[PDB]
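*Asks:* Residue numbers (UniProt numbering), protein chains in the order written: chain A, 5 to 50; chain B, 2 to 50.
Don't be surprised by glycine CBs; every beta carbon is placed ideally from N, CA and C.
Below: one structure in structure tokens.
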């Protein structure tokens, strides 16, 4: 065995978690639910 | 509801306070001047007659 495929799996999960973490921090900082275009276009326009 | 960007209740109260101030000022001016009419606003026919 050259590599721990389960370690690679864990890395994927790590990024998965971090993305939502960063999103929550974004919203906390801005005091808003929407900070970018790809949050909700209809909400932004309205 | 846990948001800070704008505190709705505050503005609501501000509107009510502005209403109160307008009414209070009108009433105090009426009392002080002793009339009912201090401007064209009060009564058109009243002023004319």
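Just how far apart, CA to CA, sit residue 32(A) and residue 48(A)?
*Replies:* Cα to Cα, residue 32(A) sits roughly 18 Å from residue 48(A).
*Asks:* Would you tell me roughly how many angstroms separate the C-alpha atoms of residue 3(A) and residue 11(B), rounded to the nearest one?
*Replies:* The structure shown does not extend to residue 3(A), since chain A is modelled only from 5 to 50, so the question has no answer here.
*Asks:* Could you tell me the distance, in whole angstroms, from the CA atom of residue 39(A) to the CA atom of residue 8(A)?
*Replies:* Roughly 38 Å separates the two Cα atoms.
*Asks:* Note down the Cα distance separating residue 13(A) from residue 30(A), rounded to an integer number of angstroms.
*Replies:* Using only the alpha carbons, I get a separation of about 26 Å.
*Asks:* Considering residue 35(B), what are the terminal residues of the alpha helix (DSSP H) in which it resides?
*Replies:* Per DSSP, residue 35(B) belongs to no alpha helix (DSSP H) and is neither H nor E.
*Asks:* Can you tell which of 37(A), 20(A), 24(A), 6(A) has the C-alpha that lies nearest to the C-alpha of residue 2(B)?
*Replies:* The shortest Cα separation from residue 2(B) among 37(A), 20(A), 24(A), 6(A) belongs to 37(A).
*Asks:* Quick one: residues in its chain with C-beta nearer than 7 Å to the C-beta of residue 25(B), no 5 flanking neighbours on either side, listed in chain order?
*Replies:* Around residue 25(B): no qualifying Cβ.
*Asks:* Go ahead and pull the three-state DSSP assignment for residue 42(B).
*Replies:* Residue 42(B) falls in the coil class under three-state DSSP.
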